[PDB]
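Undergrad: Pasting an experimental structure, sequence included:
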Amino acid sequence: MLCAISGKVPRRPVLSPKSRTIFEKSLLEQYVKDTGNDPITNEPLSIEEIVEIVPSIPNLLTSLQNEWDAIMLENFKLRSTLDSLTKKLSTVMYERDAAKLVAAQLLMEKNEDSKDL
Amino acid sequence: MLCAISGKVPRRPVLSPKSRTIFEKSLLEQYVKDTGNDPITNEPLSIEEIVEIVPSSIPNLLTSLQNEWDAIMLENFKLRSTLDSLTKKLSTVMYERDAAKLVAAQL
Amino acid sequence: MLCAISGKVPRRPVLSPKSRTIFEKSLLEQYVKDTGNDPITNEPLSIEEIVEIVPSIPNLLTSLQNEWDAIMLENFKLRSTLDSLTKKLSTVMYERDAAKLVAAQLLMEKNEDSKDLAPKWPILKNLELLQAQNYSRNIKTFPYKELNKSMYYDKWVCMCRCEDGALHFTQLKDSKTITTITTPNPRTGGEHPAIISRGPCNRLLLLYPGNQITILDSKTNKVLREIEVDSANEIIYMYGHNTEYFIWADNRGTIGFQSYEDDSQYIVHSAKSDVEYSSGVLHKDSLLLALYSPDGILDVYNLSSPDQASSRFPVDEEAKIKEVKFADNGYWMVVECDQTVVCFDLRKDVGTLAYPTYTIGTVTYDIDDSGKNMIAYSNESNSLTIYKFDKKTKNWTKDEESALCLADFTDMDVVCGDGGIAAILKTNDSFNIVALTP
Amino acid sequence: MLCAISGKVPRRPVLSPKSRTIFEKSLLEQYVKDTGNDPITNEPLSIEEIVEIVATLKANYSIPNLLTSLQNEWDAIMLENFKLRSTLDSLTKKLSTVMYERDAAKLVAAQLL
Amino acid sequence: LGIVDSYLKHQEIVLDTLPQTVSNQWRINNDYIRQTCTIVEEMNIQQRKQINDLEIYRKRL
Amino acid sequence: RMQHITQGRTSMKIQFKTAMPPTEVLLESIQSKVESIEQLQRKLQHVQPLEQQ
């Protein structure tokens, strides 16, 4: 079982009754403090509704470095892929903005159609 | 995260809201269908109140490294506690020796 | 570890066993003398029950924990956001179609709508190449006004080649006279100067990295002076024909004057935190300095009044400023963007244009010092087009086009004077000089 | 108020009532689980008897800088534990020799008296 | 490449990262240390006084 | 980007260079005093046994 925020096995695991999902305590608590919500469903969630769940040596820092850089590559691939999707969505935003721009232009040209007689 | 009944990582993980405890789905449901209760606390528990957990190491690494730091600092302080007590014993023996050296200097 | 009463670190710490709380000794002891109690729990406490106390790695671990917390919340929101945006992306692909229901019903309604419905330039049709040479495009070489034998000014345009430990300067004001002057490069490692400007009496200002200026006499080839300017910010403007002083400016907008001959110097504006400039230009009256960068920042400073705030001129960030000029009329500030020109009227309120901005990747252009003649080169047709700003129609009107008989030209500059109009056409490595003739 | 075990400010400060001394929680608790005792006085000490008690630089702002600082301090305490063991040896030797120096001084006293 | 990929993300963390800290954190850190220095000096002196008081007790007894 | 971060860092470094040399000078004073204190403990707990003896 992994935390849905971190994708990692929690040290202090918790469960939301809304999303029915495992989280790390600190992460779901921080999320609820900042938003008042469940992270998956976006429904209102109070902290008191969170269910707290009742229960290599010199290389360990190189292991951390590699695993942390695995977070950090993952954070890049997320951020970069999310940037490419925000890019195509920015063009779709120009599609919806130019749709509003052209629709504005065409509701003018609807007055034009109304005087074409 | 282990099932309280089996002690193992569940195949279909669920939580009782009453005991706030992870179970294997069927192990908790066998108790609820029979008794209508949570098996740890004997509080009333329906199947609809069982929370069925939707399926999905750095803080483990931090925990391990922190417990390794604990073990390091305990080793280094069993060394320091020995060093402080032995330097106190050394100074004790050295001064009692000096009391006898004041005697030998007179002699 | 703070005392609960004072909120401050104790100098003789004690613990109450009742509240499990650290106190300053005296504060807890006084509170117990006044009340017989613990202060937090109010439970009965004698003085004697108080425990007197016998006299960055884990902080880094909890730090990396809270960092991991913040980044996991971050990668989480990136996952949630990526899902929300791909949802909005399939939904806005559908909004292209939903727009096609409402907006394309409106487009078929509009298909049904539209269905039911200073000297003056002569005529110049011939040209010739006068020069072709290599140059160092990273050596920003400012043009200079010079007073003719008739007492009026001609602008000279200059290109620099730094090679084999020498600086070579090609200079012209018109198609009649082109001159190449050579001096050593004074710098010992052969490092190229970033900015060059003429000063009076054969002086040459050479700017080097680390804000070091060398004054070189261009006829004796002797170093007259070395000046190290007191700014941590890169100098991006330096100009000599202001005549005791040259002027310089930071990319942060410090503006300073410096004497050629001695230590007489002063600062008229100080570095701002929230700007970057890449270049500058000085007005003919020598009181207005425009500092700019391509991202639409264009600030004009009044050098007569150090306390007068800079005027910010509105340019779109996507327009990309190539150059700013002040026209000979003294009241047009001409902003050459990549594909369009923005011309501000300086008599009026800040941001007032002289004429509406209009658009005529293939083309480079330059406007003359009048602000009213333009030459543009097309890399598709390999031809020069002349545009004139028409005083009746308030727009740039195409007047003539002439073809070159030849790489792409990425930049260009125009010169004109009594000898005739010339275009300096620039590649990244080389330039051509073309006379325009009847 | 620094931890007697670590010489740092505790993350989770605790007092042993036996030694009346301040510790980091996990360090004192690790001794108590290992020994049942106070690590200063060797007196019996349960977990229940432990009285629990109710910045980073401008450059210490990046994971490479923070991990390299961490690994530096961690490697430092590891070579520090090895040297602490080797200096503790030099004092243990000197203790056994000086204890017998006291006893031999008592023999030299018996000769001279 | 992949080291630079993760390090560019690292840079994006370093960017975000202190206004809260700017005064107070280092103010508290310093003032806490000044407290520790003050009590450390006092503890030096207090020890010294205890040495002398125990030596005089031996000399008297 | 690395320089942009460094401009941020500088904006803080100029602020915190007021506080950072105090924290350094203070921590150096700690390291000087704690040596002086440990020596004081050692002699105290040698004269306490000689008081009993």
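TA: Received, thanks. Residues are numbered from 1 along each chain as shown, chains lettered A, B, ... in the order given.
Undergrad: Quick check: buried residues in whatever helix or strand residue E:49 lives in?
TA: Using DSSP states H and E, residue E:49 falls within helix E:24-60. Using 16 or more other Cβ atoms under 10 Å in any protein chain shown as the test for burial, helix E:24-60 gives E:26, E:29-30, E:32-33, E:35-37, E:39-40, E:43-44, E:47, E:50, E:54. Using the backbone N, CA and C atoms, a C-beta is placed for each residue, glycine as well.
Undergrad: what's the distance between the residue most central in space within chain E and chain F?
TA: By Cα atoms, centre = their mean, chain E has its centre lying nearest to residue E:33, at 4.4 Å. For residue E:33, the distance to chain F (Cβ to the nearest Cβ, to the nearest Å) stands at 4 Å.
Undergrad: With residue A:65 instead?
TA: 20 Å.
Undergrad: Excluding covalently adjacent residues, which one is nearest to whatever residue of chain E ends up closest to chain F?
TA: Nearest residue of chain E to chain F: residue E:47, at 3.6 Å (Cβ to the nearest Cβ). Take residue E:47 and drop its neighbours on the chain: the residue closest to it by Cβ to Cβ, 6 or more residues apart in numbering or on different chains is residue F:40, 3.6 Å away.
Undergrad: Helix or strand: which one has that neighbour?
TA: Using DSSP H and E, residue F:40 falls in helix F:20-52.
Undergrad: and that helix, which residues are buried?
TA: In helix F:20-52, counting by 16+ other Cβ under 10 Å, buried: F:20, F:23, F:26, F:29, F:33-34, F:37, F:40-41, F:43, F:45-47.
Undergrad: Residue B:49: which of those is nearest?
TA: Proximity of the buried residues of helix F:20-52 to residue B:49 (Cβ to Cβ) peaks at residue F:23, which lies at 54.7 Å.
Undergrad: residues in contact with the closest one?
TA: Residue F:23 is in contact with E:26, E:29-30, E:33, counting by Cβ atoms under 8 Å, 6 or more residues apart in numbering or on different chains.
Undergrad: I'd like to know how far it sits from chain C.
TA: 12 Å.
Undergrad: wouldn't residue F:45 be in contact with residue B:90 here?
TA: No. Taking contacts as Cβ atoms under 8 Å, residue F:45 lies outside contact range of residue B:90: 11.3 Å.
Undergrad: For chain A, what lies in contact range of chain E?
TA: Proximity of chain A to chain E (Cβ under 8 Å from any Cβ of the partner chain) is limited to residues A:69, A:72-73, A:75-77, A:79-80.
Undergrad: switch the cut-off to 7 Å
TA: Residues of chain A lying close to chain E by Cβ under 7 Å from any Cβ of the partner chain are A:69, A:72-73, A:75-76, A:79.
Undergrad: In the buried residues of helix F:20-52, find the pair that's most separated.
TA: The largest separation in the buried residues of helix F:20-52, counting by Cβ to Cβ, is between F:20 and F:47 at 41.5 Å.
Undergrad: quick one: is the strand or helix carrying residue A:113 near chain D?
TA: Under the criterion of DSSP H and E, residue A:113 resides in helix A:60-115. Yes. Counting by Cβ under 7 Å from any Cβ, chain D has neighbours in helix A:60-115: A:61, A:65, A:68, A:72.
Undergrad: cool, and stretch E:26-35?
TA: Yes. Contact between stretch E:26-35 and chain D, assessed by Cβ under 7 Å from any Cβ, occurs at E:26, E:29.
Undergrad: Give me the contacts around that stretch.
TA: Residues outside stretch E:26-35 that contact it (Cβ atoms under 7 Å, 6 or more residues apart in numbering or on different chains) are C:9, C:11, D:55, F:16, F:19, F:22-23, F:26-27.
Undergrad: how about these in JSON lines, adding distance to residue F:6?
TA: Shown next, in JSON lines, are the contacts of stretch E:26-35 (distance: Cβ to Cβ, whole Å):
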{"residue": "C:9", "distance to residue F:6": "35"}
{"residue": "C:11", "distance to residue F:6": "41"}
{"residue": "D:55", "distance to residue F:6": "20"}
{"residue": "F:16", "distance to residue F:6": "15"}
{"residue": "F:19", "distance to residue F:6": "20"}
{"residue": "F:22", "distance to residue F:6": "24"}
{"residue": "F:23", "distance to residue F:6": "22"}
{"residue": "F:26", "distance to residue F:6": "27"}
{"residue": "F:27", "distance to residue F:6": "26"}
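Undergrad: Farthest-apart pair in these, please.
TA: The two members of the contacts of stretch E:26-35 with the most space between them (Cβ to Cβ) are C:11 and F:16, at 26.9 Å.
Undergrad: higher neighbour count, these two?
TA: Neighbour totals were compared for residue C:11 and residue F:16, and residue F:16 leads with 21 against 15 (other Cβ atoms under 10 Å in any protein chain shown).
Undergrad: Quick check: chain neighbours aside, which residue is closest to the more buried one?
TA: Per Cβ to Cβ, 6+ apart, closest to residue F:16 is residue D:58, 5.6 Å.
Undergrad: My read is that residue A:60 contacts residue B:67, right?
TA: No. With contact defined as Cβ atoms under 7 Å, residue A:60 does not reach residue B:67; the gap is 11.0 Å.
Undergrad: And the residue of chain E closest to chain B?
TA: residue E:58 (11.7 Å).
Undergrad: list the contacts for that residue?
TA: F:47, F:50-51.
Undergrad: just residue F:37 next, same as before
TA: E:40, E:43-44, E:47 are the contacts of residue F:37 under Cβ under 7 Å, 6+ apart.
Undergrad: I'd assumed residue F:13 was in contact with the residue nearest to residue F:16.
TA: Yes. With contact defined as Cβ under 7 Å, residue D:58 reaches residue F:13; the gap is 5.0 Å.
Undergrad: just checking, residue A:23 is part of a strand?
TA: Yes. Under DSSP: H, G, I helix; E, B strand; the rest coil, residue A:23 sits within a strand.
Undergrad: And residue A:86, how far from residue A:57?
TA: 43 Å (Cβ to Cβ, to the nearest Å).
Undergrad: er, residue A:78 actually
TA: The gap separating residue A:78 from residue A:57 is 32 Å, by Cβ to Cβ.
Undergrad: now swap in residue A:1 and tell me
TA: As judged by Cβ to Cβ, residue A:1 and residue A:57 stand 28 Å apart.
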